[PDB]
Each structure stands twice: as C-alpha cells, then as structure tokens.
C-alpha cells in the first residue's frame, strides 16, 4: 500500500478537516485501499510555514495553504489577497489558473518542491460592528480591530476606519465594552469566537476572498505511478467541488443564524470600497514593478 500523510492547522470539526477526511475516504475507495491518507490536524506538526517545509523535505506529503499565503515566499502572490481584488471564488480560480497563477505555481514547484494540485473555496471575510455599516461613509470614526497583518490593516485604513491593532484573544472583550467598535473575519470565525454575542451588526463587505490550495510534496509526487497521480488529482478536484459548495452553503446558513440571533445584516455598496483600494493597488504594483493587480482584477 501507499500511505500519504496530510497535515493541517484546522482543527477537528472544521470544513477543511471534514473535506480532508472525505479526501481520505475517496482515495482509499478509488484505489481499493492502495492509497491511504493519515490526517494530522490542529497544527500538531507545526504551523503552515513548518508544514510547508516538511513538504519541501519530503517528510510530509500534503498540506493546505492559501494562494495568497505564498506571498511570504513569492512576493507577487500576495496580490491575490489584497482587499477587493478578487470579487468571488470563481474570479480567484481564474487568477490561480491564469498565466500569472501558472507562473506562481511553477516557482512553488521549482524552489520549494510544492506542487499545487487545486484550489478550494474557503470563505469570504465580513465586517461586524456595534453600529450598522450601510455604506463606506459609516466607516468614518469606526474603531476597527484588525490583526497584525498588512492587508487587513490596509482594508481598515483605506476604508476610512481607525485601525486598532489588538491580540486575537482580547477581541471578545474589547467588543463587549466598546473599546473597539468592530472587527473583520470570515463567518465561521465570527461564530467560533462568539463575536456575534457582542456585535449587533454584520456588514457583507466581502472584502477578502479566501481559498485553500491542496499542495503535494514533489518528492512524493515523483515516486507515484502515473495512474496513482491520476487518482490523487481526480480525487482532489472532486472533493474540492464538494468543499466549495459546503462553504457556500455554510455561509448562507451562518448569516441566517446570526440574523436569527438578532444581528442586523447590511449589504453596503462595494464599488466605493474597490475604488478606495486603488492607493494600495498602485503602491503594490509600483513597489513590485509590474501591473499585476490591475490585470488580476479585470481577469
């Protein structure tokens, strides 16, 4: 038999974990038990940077990474996680599949032994607050908690809010006492962190569209037979379709859940937000020296 090892930061019960278990079941079935998958959840083998390194060394076979997460290693890949560049997951897939994406993936493979097999939708970030955000104009004066992450601050700063750095474990409290007026994160995190208990409004700002790439060790890849390569590729794409639909379904259920909790859900016009990001887009392209963001946004 062939037993592959898959590591992930996501804990048990998450969509990312449930899809990996589905992947495990699909590989076993399609190969009649010749290919097995062992799962190491909850970052038990280290964080994403550590697990990606083990793939480079061939000590771990598969892990998750966001397309934009490649920016730590390949600066231009950060373009895809700049706020408002990707309108939705389909748009993000075109970026992944484009010549730009193909260029990024070739570099991932050549330098780091990372073979990106697929991209799976993993949610879109939204904005909660203690007062309704009906338009961009309402961000003025908003004490907005963002993580210590470049692109989240830029969303906050260029939106007209007042970015208010703060460690993630303190946020529930800061929201309760209005020390901070709001925060931004994907819908599953808002539920998991119980942020809906201390925020009366949710704005569907759709400011960051997330994915998860499924990455295989090239050392592992090159030892597999041609047929086993085909089984893995087809299993990953099949599970990916299911994962994307699950996340989409879960997103609709979560807004309905929060609304059923009394949350006021707003849908501000997003074009003024996209326009407001052009300073960031121009700085990124000027600093990097190529018109990447403009091409991606129209792709």
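Positions refer to the first chain, counted from 1.
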Between 260-268 and 52-60 (mean CA B-factor, as deposited), the higher:
260-268
Going by the mean C-alpha B-factor recorded in the entry, which is higher: 170-178 or 205-213?
170-178
Among 72, 146, 117, 80 - the residue whose C-alpha B-factor is largest in the record
146
So if I compare the CA B-factors in the entry for 110, 185, 159, 220, which one is the largest?
159
Residue 33: C-alpha B-factor third of its chain, per the entry, is the highest
Residue 253 - which third its CA temperature factor falls in, relative to the rest of the chain:
highest
When the deposited Cα B-factors of this chain's modelled residues are ordered and cut into thirds, is residue 150 in the lowest, the middle or the highest one?
highest
Place residue 126 in the lowest, middle or highest third of its chain's C-alpha B-factors, as listed in the PDB entry.
lowest
Would you check the entry's CA temperature factor for residue 106 and let me know if it's in the chain's lowest, middle or highest third?
lowest
